[PDB]
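Scroll down for the structure; my scribbles are underneath it.
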Amino acid sequence: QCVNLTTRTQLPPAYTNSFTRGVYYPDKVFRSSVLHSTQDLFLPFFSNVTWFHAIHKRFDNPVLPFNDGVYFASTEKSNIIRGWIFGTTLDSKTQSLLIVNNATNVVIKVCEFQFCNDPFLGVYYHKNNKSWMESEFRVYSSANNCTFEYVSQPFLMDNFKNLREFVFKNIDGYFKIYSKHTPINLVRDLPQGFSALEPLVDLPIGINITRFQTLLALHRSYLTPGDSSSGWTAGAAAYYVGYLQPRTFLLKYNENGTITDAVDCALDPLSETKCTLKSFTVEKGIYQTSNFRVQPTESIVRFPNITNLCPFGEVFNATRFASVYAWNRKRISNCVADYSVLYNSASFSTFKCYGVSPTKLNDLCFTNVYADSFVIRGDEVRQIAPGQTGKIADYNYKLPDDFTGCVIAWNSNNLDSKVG
Amino acid sequence: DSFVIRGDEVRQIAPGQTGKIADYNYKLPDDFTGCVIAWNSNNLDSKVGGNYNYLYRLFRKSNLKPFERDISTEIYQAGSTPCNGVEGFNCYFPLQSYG
Amino acid sequence: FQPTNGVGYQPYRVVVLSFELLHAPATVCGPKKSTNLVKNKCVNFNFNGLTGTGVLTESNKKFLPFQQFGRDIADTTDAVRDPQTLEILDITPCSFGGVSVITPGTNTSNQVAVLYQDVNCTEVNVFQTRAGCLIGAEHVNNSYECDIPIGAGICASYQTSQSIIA
Amino acid sequence: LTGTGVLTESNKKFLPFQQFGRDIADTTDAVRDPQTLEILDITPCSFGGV
Amino acid sequence: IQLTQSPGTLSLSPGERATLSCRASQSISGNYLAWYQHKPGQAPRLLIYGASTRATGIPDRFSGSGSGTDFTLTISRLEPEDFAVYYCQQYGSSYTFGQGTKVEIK
Amino acid sequence: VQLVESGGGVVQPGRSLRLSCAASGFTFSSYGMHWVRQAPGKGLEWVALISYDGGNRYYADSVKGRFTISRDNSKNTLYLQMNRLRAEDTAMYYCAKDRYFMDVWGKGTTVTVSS
Ligand SMILES: *[C@@H]1O[C@H](CO)[C@@H](O[C@@H]2O[C@H](CO)[C@@H](O)[C@H](O)[C@H]2NC(C)=O)[C@H](O)[C@H]1NC(C)=O
Ligand SMILES: *[C@@H]1O[C@H](CO)[C@@H](O)[C@H](O)[C@H]1NC(C)=O
Ligand SMILES: *[C@@H]1O[C@H](CO)[C@@H](O)[C@H](O)[C@H]1NC(C)=O
Ligand SMILES: *[C@@H]1O[C@H](CO)[C@@H](O)[C@H](O)[C@H]1NC(C)=O
Ligand SMILES: *[C@@H]1O[C@H](CO)[C@@H](O)[C@H](O)[C@H]1NC(C)=O
Ligand SMILES: *[C@@H]1O[C@H](CO)[C@@H](O)[C@H](O)[C@H]1NC(C)=O
Ligand SMILES: *[C@@H]1O[C@H](CO)[C@@H](O)[C@H](O)[C@H]1NC(C)=O
């Protein structure tokens, strides 16, 4: 159930260029004979994608990242690749996503799985039911914390006569999948051309994903030795992995409503021109498309090299306070203060700021700060605000309408109350 | 989304609010489209000796993103010396219990 | 102010902090360390709370002992006095300009030339003209009739094996 | 999704995952009936100057 | 396949090195040879498989060697918990066990 | 990962006894299951094995014709039917899961063949 598989045939990873591949309908809207520009996570044109082989005993199935998305394409003839795995650590300590394809059905689970190294689906014969079953317990050992399950029709269906391209995304709470099946006769690498991927599902798993791995099948027909890193043979099935990025595309639509072409606006200045003119044809001439701007490299922070703390302690933790009609004023100057600690302190029942927020207050310099302090009762606290009326705001302490500062108050019944 | 807070913290469940709950426990986006419902549960969620089963995050290195949940129980390193999972000076437990 | 008073009638200690941004040396700052200053480079600067993006260079502008900041016609900052060393530094906004693409029609060729307007061929087969930095067009001594106008007497066309020439 | 217009039969072949169509102005061009999966065109009701 | 273990009884003390042997009447296929530990009143516990592969949780003082008809289990520095009966087993042609070696305290 | 045997006790020579093994905590239907016995103060003796799917069975030479091993993958149980018992069959019978070798062992059921 957890056998290892450590055949040792080392070959370097290959790279290929994705000429025009990975385009998918961003929304479920119909468009015809129109050019539409949209920004979304796409596979840039002529992108540097890795290449992995499974030909004989060379197997390539490492754990790869899932930074923002994946364009997964597979040239197959025997459906050797059965599914994928998604997660952060791929062990029982965290939740993980699983996608596998049984004959004429799909199994999707979000459990805390404990995958063994070099997993895979096993195929054998059962001698009852008279049919070669496909038990999946080689992939994962245990399944804890299951929350989601789902079954549907095959995602993958029938040298390489067919091409299956997939697009995976991990948007806020939805795992979105776009797929396409294209027949081709090319056997070496990706066929240059164009083909759009139609969406398939959008699973609301709502988890965090950073790594992913692929699942393949093995052939042990001609003979079967004991379970070990041997006795397995993999037919010719290779796959390419590409990471998506936020990109602005200009999409074309035909009469039918299919895409059939597109343009990556940041590929080259000619693409910038095409996107600017909202056309795939550019007439002879000069066009203004963008603006060159040199960006800063680093920040420069300069302040006087002085060292002193503002005496907020003798203002807030003062032994006695003043009456509101004779409210005391303290002028704070020539010092450095941390308003973050003041805001952090939960001794205050009222902490309202105007024209500036306290979180963005410990990085702004002022020439002078005035600290007015007094004592009022509960229902009068609301009168200490710009544009308020009452006995206190009219006759005792009035705030301007352009006030820039914070109003802080706290219940002092334990200190400012007498039994009599 | 359902949870339990105290009275004076109810006002913090709103777009563009600040506080221990909105920063470290439950943050609402500014483009929020929905309703906030609350009711006094003193008859159900209070114990004569105090109900200490409802907790809240008191310390956190930064504010939560909208609709983010933080259930970590790591020791909050308040100072410069690492804590190595040891509570004490400048090493606080990030969760506090309501009375 | 009795202990048995209602909360609305209990005493509360109020502290009102008011901040004033007098155009003057800002002394009360919040707990933030300064950094070193880099000259002749595009940087995002912060001088006594005044922020912006630009190139900081040496200047010969004689600020008076009481003057800390300079301003331009648009009321934007022209120069500042370094709060640590009392020298005057000019603030020059970082180089920028429009980007134009000079191309023959797509019915002929997909090769294009890019003109960076009103910039020198520094920050960016490179031909410097008074219209900006022209990259991708070959400079040809032979004159011809203007085809695709660029400016300042320079025109471009698609000719010979074929390429864009200026 | 609400609006005013004349609902007619259409020959616009929406894909199985597509539910709504849109025009150049981003207004709704056609909809798929949620009960019977057919595509109906939406033509704004006749108007004009007097 | 008959497995003959030797010696019948081994008397040692903690800290010493123990060598246990297993001989098969026929060559073991695929090095399919396993070792098991049994304490009184307890079920057996896997120690070694594949002639040389340590089972999960087994400390590194246990090591297996040998091939063909001749196999050895070595305990490099005996601990008090290591005093027990040890059985070898082949699983390449049916499933047969040795008669056991008792490791006792001298 | 737990095996609990049942059905032990005294049985007169010549009569029959059926042992059962209840499994939980693992994918029972994917593992072969063995029976092993141990006479008092003597060594381990393999008795029988059944494949994960119940298609293949094998028995020790000393019990061929008399013992039958079976399993029920829907109920996570393995059974050992012991017919025509002899006094020399008295032993503790262990239920054990194949990993091949056996890596999970039950506590065993004591079977005494006596009058
Ligand atoms: C998803 O998980 C990854 C790693 O498991 C998180 O990345 C970490 O984010 C914290 C944020 O404070 C950093 O301090 C760590 O250094 C990051 N890890 C690494 C390896 O760099 C990521 O933040 C998680 N996503 C969410 C939304 O919490
Ligand atoms: C792709 O990467 C390889 C090295 O991994 C590099 O040699 C090659 O030039 C790259 N190609 C592109 C188009 O980035
Ligand atoms: C996940 O399993 C653990 C057992 O380790 C359990 O404590 C936890 O409550 C489970 N998760 C949920 C959401 O029930
Ligand atoms: C799609 O285009 C083909 C020819 O390009 C045409 O025959 C077909 O009818 C079109 N589809 C629809 C739904 O009109
Ligand atoms: C390109 O121009 C020629 C005439 O100069 C014209 O016949 C041809 O149709 C044009 N190409 C396209 C695609 O229209
Ligand atoms: C570009 O900079 C050089 C200095 O290296 C100067 O000689 C030349 O005149 C500058 N050209 C323009 C167009 O600014
Ligand atoms: C143009 O001619 C002058 C002298 O005749 C020569 O120095 C210069 O390099 C020529 N320019 C080109 C682009 O050939």
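FYI the Cβ positions are ideal-geometry reconstructions off the backbone, even for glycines, and counts take in every protein chain you see. All of the numbers you see were taken from the coordinates with simple rules; none came from a lab.
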Worksheet item: Out of (1) more than 10 Å from chain A (Cβ to nearest Cβ); (2) under 12 Å from A:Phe292 (Cα atoms), what's the single condition that is false for C:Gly98?
Response: (1)
Practice prompt. Show the residue pairs that are 6+ apart or on different chains and have beta-carbon atoms under 7 Å apart, the first residue being within region A:387-410 and within 12 Å of another protein chain (Cβ to nearest Cβ), the second being of a type in the set (S, T, N, Q) and part of a loop (DSSP other than H, G, I, E, B).
Written response: A:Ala409/A:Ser349; A:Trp410/A:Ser347; A:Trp410/A:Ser349
Practice prompt. Go over the candidates A:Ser33, A:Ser47 one by one and state the one that is exposed (fewer than 14 other Cβ atoms within 10 Å of the Cβ) and of a type outside the set (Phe, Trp, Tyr).
Written response: A:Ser33
Practice prompt. Could you run through region A:91-117 and say how many residues are outside any strand (DSSP E or B), within 22 Å of the chain's Cα centre (by Cα) and surrounded by fewer than 20 Cβ atoms within 10 Å (Cβ to Cβ)?
Written response: 3
Item to complete: Considering only region C:148-166, state which residues are over 34 Å from the mean Cα position of the chain (by Cα) and surrounded by 14 or more Cβ atoms within 10 Å (Cβ to Cβ).
Response: C:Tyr158, C:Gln159, C:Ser163
Discussion item. Please list, ordered by residue number, the strands (runs of 3 or more DSSP E) wholly in region C:74-132 having 1 or more residues that are more than 14 Å from ligand 6 (Cβ to nearest atom).
Written reply: C:77-81, C:88-92, C:96-103, C:113-117
Worksheet entry | Qualifying positions in region A:332-379 - among the polar types (S, T, N, Q), surrounded by 14 or more Cβ atoms within 10 Å (Cβ to Cβ) and more than 7 Å from chain C (Cβ to nearest Cβ) | A:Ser340, A:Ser349, A:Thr350, A:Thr359
Worksheet item: Filter region A:260-294 for residues that are at the interface with chain C (Cβ under 7 Å from one of its Cβ atoms) and in a loop (DSSP other than H, G, I, E, B); which is surrounded by the most Cβ atoms within 10 Å (Cβ to Cβ)?
Response: A:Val282
Worksheet item: Which residue, of A:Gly206, A:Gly173, is in contact with a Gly (Cβ under 6 Å, 6 or more places away or on another chain) and either under 24 Å from A:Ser78 (Cβ atoms) or within 16 Å of ligand 3 (Cβ to nearest atom) (or both)?
Response: A:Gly206
Worksheet entry | Residue list for region C:87-108, restricted to those being closer than 18 Å to A:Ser271 by Cβ and either exposed (fewer than 14 other Cβ atoms within 10 Å of the Cβ) or among the β-branched types (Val, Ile, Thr) (or both) | C:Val99, C:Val101, C:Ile102, C:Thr103, C:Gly105, C:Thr106, C:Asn107, C:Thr108
Discussion item. Any residue in region C:94-121 that is more than 16 Å from ligand 2 (Cβ to nearest atom) sitting within a Cβ distance under 6 Å of a residue that is of a type in the set (D, E, K, R)? List the pairs, counting only those 6 or more apart or interchain.
Written reply: C:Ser95/C:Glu123; C:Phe96/A:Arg293; C:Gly97/C:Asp118; C:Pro104/A:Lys284; C:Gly105/A:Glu283; C:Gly105/A:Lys284
Worksheet item: When region C:118-160 is examined, which residues are found to be on the phi > 0 side of the Ramachandran plot and out of contact with any strand residue (DSSP E or B) (no Cβ under 7 Å at 6 or more places or on another chain)?
Response: C:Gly151, C:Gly153
Worksheet item: Across region C:1-49, what is the number of residues that are among the aromatic types (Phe, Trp, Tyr) and either in contact with a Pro (Cβ under 7 Å, 6 or more places away or on another chain) or surrounded by fewer than 14 Cβ atoms within 10 Å (Cβ to Cβ) (or both)?
Response: 2
Worksheet item: Does region F:62-73 contain any residue that is among the small types (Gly, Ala, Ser), over 15 Å from F:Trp46 (Cβ atoms) and part of a strand (DSSP E or B)?
Response: yes
Discussion item. Conditions first: (1) under 25 Å from A:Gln245 (Cβ atoms); (2) in contact with an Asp or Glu (Cβ under 8 Å, 6 or more places away or on another chain); (3) not charged (D, E, K, R). A:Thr88 passes all but one, so which condition is the exception?
Written reply: (2)
Worksheet item: Which residues, taken from region B:26-62, are closer than 17 Å to B:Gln96 by Cβ, within 16 Å of ligand 1 (Cβ to nearest atom), within 14 Å of another protein chain (Cβ to nearest Cβ) and surrounded by 12 or more Cβ atoms within 10 Å (Cβ to Cβ)?
Response: B:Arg57, B:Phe59, B:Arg60
Fill in: The one condition in (1) within 12 Å of ligand 6 (Cβ to nearest atom); (2) more than 22 Å from C:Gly97 (Cα to Cα); (3) of a type outside the set (S, T, N, Q) that C:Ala152 fails to fulfil
(2)
Response to the item:
Being under 26 Å from the mean Cα position of the chain (by Cα) and over 30 Å from F:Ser30 (Cβ atoms) narrows A:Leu277, A:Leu267, A:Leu215 down to just A:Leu267
Item to complete: Take region C:124-166 and flag every residue that is closer than 30 Å to A:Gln295 by Cβ, away from chain A (no Cβ under 14 Å) and more than 16 Å from ligand 7 (Cβ to nearest atom).
Response: C:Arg130
Item to complete: May I ask you to list the residues in region F:88-115 that are acidic (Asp, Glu) and crowded, with 16+ Cβ neighbours inside 10 Å?
Response: F:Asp89, F:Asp98, F:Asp103
Practice prompt. Name the single residue, out of those in region D:1-48 being β-branched (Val, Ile, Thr) and within 11 Å of another protein chain (Cβ to nearest Cβ), that is farthest from ligand 5 (Cβ to nearest atom).
Written response: D:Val31
Practice prompt. Go through region F:42-74 and give me each residue that's within 14 Å of chain A (Cβ to nearest Cβ) and under 14 Å from F:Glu88 (Cα atoms).
Written response: none
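Yes or no, residue by residue, for (1) closer than 30 Å to F:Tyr58 by Cα; (2) at the interface with another protein chain (Cβ under 10 Å from one of its Cβ atoms); (3) among the hydroxyl-bearing types (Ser, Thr, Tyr):
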residue	(1), (2), (3)
E:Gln2	yes, no, no
E:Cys22	yes, no, no
E:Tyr49	yes, yes, yes
E:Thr56	yes, yes, yes
E:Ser67	yes, no, yes
E:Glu79	no, no, no
E:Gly100	yes, yes, no
Practice prompt. Pull up region F:75-101, narrow it to residues that are hydrophobic (A, V, I, L, M, F, W, C) and more than 13 Å from the chain's Cα centre (by Cα), then point me to the one that is nearest to the other protein chains (Cβ to nearest Cβ).
Written response: F:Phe101
Worksheet entry | Positions within region A:124-136 being touching a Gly at 6+ places or on another chain (Cβ under 8 Å) and either among the aliphatic types (A, V, I, L, M) or within 9 Å of chain F (Cβ to nearest Cβ) (or both), in sequence order | A:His126, A:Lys127, A:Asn128, A:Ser135
Worksheet item: Do you know which of the residues in region C:101-123 that are more than 7 Å from every other protein chain (Cβ to nearest Cβ) and of a type outside the set (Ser, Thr, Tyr) is farthest from ligand 1 (Cβ to nearest atom)?
Response: C:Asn107
Fill in: Single condition F:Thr27 does not satisfy, out of (1) surrounded by 14 or more Cβ atoms within 10 Å (Cβ to Cβ); (2) closer than 30 Å to A:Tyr124 by Cα; (3) away from chain A (no Cβ under 14 Å)
(3)
Discussion item. With surrounded by 19 or more Cβ atoms within 10 Å (Cβ to Cβ) and assigned to a loop (DSSP other than H, G, I, E, B) as the only criterion, which of F:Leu19, F:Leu78, F:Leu85 stands out?
Written reply: F:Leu85
